[PDB]
Structure formats: structure tokens, C-alpha cells
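Accompanying notes for the structure given below.
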Amino acid sequence: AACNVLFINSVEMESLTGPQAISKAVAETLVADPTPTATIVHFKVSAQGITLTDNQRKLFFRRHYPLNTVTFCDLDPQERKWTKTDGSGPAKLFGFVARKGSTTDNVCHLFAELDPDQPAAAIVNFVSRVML
């Protein structure tokens with residue numbers, strides 16, 4: 001299945017992981033300078049993992065995260081929101097932690113819900129059931 005969401009930022013977490021990693025990535029993202037520029041992306045969940053593709057204007061073209069590299073996915077533990085460099089109000093933040101040549105190093109990829117019928121909690125639950 002594929003959902004439409006806003007890709008917000010990717011943060012190097014070293015060995016941090018789990019909810020601590022998601023929360024830390026959110027904190028770093030909200031004070032990043034300049035403010036990261038969000039991009040509308042196709043967030044596809046499959047037996048192969050998570051594949052992100054442009055559904056905006058090609059910032060990046062495509063990124064694929066093999067299922068075995070995804071170790072965690074959840075909403076921001078502190079329930080902070082993304083105020084899109086735009087308007088339409090605050091959007092809930094969520095992300096996933098991926099290991100992927102750094103064995104113990106992780107990266108957290110952050111997103112914001114965009115479609116009312118595809119809320120962050122539902123996306124997190126689907127990824128969890130299929131990949132974690």
C-alpha cells in the first residue's frame with residue numbers, strides 16, 4: 001500500500017534508536033537552520049520495505065529502505081507538530097529508524113501526515129504490523 005505524506009527531514013542518530021531516536025530527530029528538525037523544506041512523497045509499504053518517491057516536484061527522485069534495515073516506526077513521543085512552511089495548520093509528525101556500512105549507526109526519517117484518511121497513527125500501525 002502507498003500513502004501520501006510530507007517528507008520532512010533525515011537525521012543521523014548514531015547508535016540512538018527506538019522512541020528516543022524518533023523524539024530526538026524531531027527536536028533536531030524543529031530547530032534546524034534553515035528550516036527543512038518539506039516535500040510531498042509517495043510512501044509505499046511492501047514486502048521489500050519502504051519506498052519513497054516524489055509526488056511534488058522532484059527534490060530527490062527515489063529512496064528505498066530494505067525491510068530488514070527498518071528497526072522502529074512511531075509517532076513523536078512528545079506529540080510535537082510540523083507547521084508546514086505554508087499554512088493549512090499543524091500536522092502530526094512520525095518517522096522510522098533505519099540502520100541502512102555502519103552496523104551500529106542509525107538514521108531517522110521524519111514525515112508529517114497530509115491526508116485525513118491516512119493519519120500518522122494508521123501509517124505507523126501498518127508499518128509496524130508488516131515490517132516490525
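Worth a mention:
- Remark: the chain carries a charge dipole of roughly 360 debye about the Cα centre, counting +1 on each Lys and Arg Cβ and -1 on each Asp and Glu Cβ.
- Taking a straight line from the alpha carbon of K44, these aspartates and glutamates sit under 12 Å away, with near neighbours fewer than eight places off in the same chain left out: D54.
- Value of [θ]222 nm, deg cm²/dmol, for the chain, DSSP H segments ≥ 4, -39500 (n - 2.57) each, nearest 500: -6000 deg cm²/dmol
- Spin-label model, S15 to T83: label points 7 Å out along the Cα-to-beta-carbon direction sit 3.8 nm apart.
- Surrounding net charge for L75, when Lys and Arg each add one and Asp and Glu each subtract one, Cβ distance under 12 Å: -1
- As a rough footprinting exposure proxy, the listed residues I40, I22, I50, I8 were ranked by other beta carbons within 10 Å of their own, and the order from fewest upward is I40, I50, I8, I22.
- Local charge for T104 was computed over the other residues whose Cβ lies under 15 Å away, with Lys and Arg +1 and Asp and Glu -1, and equals -1.
- Karplus-derived 3J(HN,Hα), 6.51/-1.76/1.60, for each residue of the stretch 36-47, Hz, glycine and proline x: x, 9, 5, 9, 6, 10, 8, 9, 9, 9, 8, 5
- Summarising the amide proton neighbourhood of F72: residues at separation of 5 or more, or on other chains, whose placed amide H is nearer than 5 Å comprise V97.
Here Cβ is always computed from backbone atoms with ideal geometry, including for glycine, and neighbour counts include all displayed protein chains. The numbers here are math on the coordinates, done by the rules we state, and not lab data.
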